[PDB]
Structure formats: structure tokens, C-alpha cells
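Taken together, the values in this text are just the output of simple stated rules run on the coordinates, not laboratory data. Using ideal geometry, Cβ is built from the backbone for each residue, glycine included, and neighbour counts are taken over all protein chains shown.
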Amino acid sequence: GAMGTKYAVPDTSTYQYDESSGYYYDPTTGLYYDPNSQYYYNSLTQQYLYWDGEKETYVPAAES
């Protein structure tokens, strides 16, 4: 690792709040950030995800 930063920690300060939708648009990955729940919304699979700093990936927030 170290010399291969593929997926860093996303900062929702680089996001675009879509007022019409009510979500923060994530151009980084292509997801929707819910400001209230603080989770990521996959608009294709309609699922919720969160960023894990260790796995460097988005894991389903609905632990099931």
C-alpha cells in the first residue's frame, strides 16, 4: 500500500448539495450522501452504504 491511493476518505465538502433531491451529490464515486443519516445512497441498487477507512470501500450500512 501507501504508494497506491485508489480510494481515499471522501470529504463531503467536495460534494454538490442537490436541493431538489435533498441529497449531497457525490461525483467522487457516484453516490448520494444523506445529510441527515450521514450515509451514502446507491441510486442504482437503492441501498445505503458507509465508508470504512480500513477496507477503503463502501459497506452496506444496513447491517443484515
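The C-beta contact set for region 1-19 (first residue surrounded by 12 or more Cβ atoms within 10 Å (Cβ to Cβ), second residue among the acidic types (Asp, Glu) and outside any loop (DSSP other than H, G, I, E, B), distance under 6 angstrom, 6+ apart or interchain) comprises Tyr15/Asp26.
On the stretch given as region 34-50, residues that are of a type outside the set (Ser, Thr, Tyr), under 16 Å from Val9 (Cα atoms) and surrounded by fewer than 17 Cβ atoms within 10 Å (Cβ to Cβ) total 1. What about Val59, is it outside any loop (DSSP other than H, G, I, E, B), over 9 Å from the mean Cα position of the chain (by Cα) and not basic (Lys, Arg)? When the stated conditions are applied, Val59 passes them. Total residues in region 38-54 satisfying the condition of being in a strand (DSSP E or B) and of a type in the set (A, V, I, L, M, F, W, C): the figure is 2. Would you mind telling me which numbered condition in (1) in contact with a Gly (Cβ under 9 Å, 6 or more places away or on another chain); (2) assigned to a strand (DSSP E or B) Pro35 fails? If we test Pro35 against (1) in contact with a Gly (Cβ under 9 Å, 6 or more places away or on another chain); (2) assigned to a strand (DSSP E or B), just (2) comes out false.
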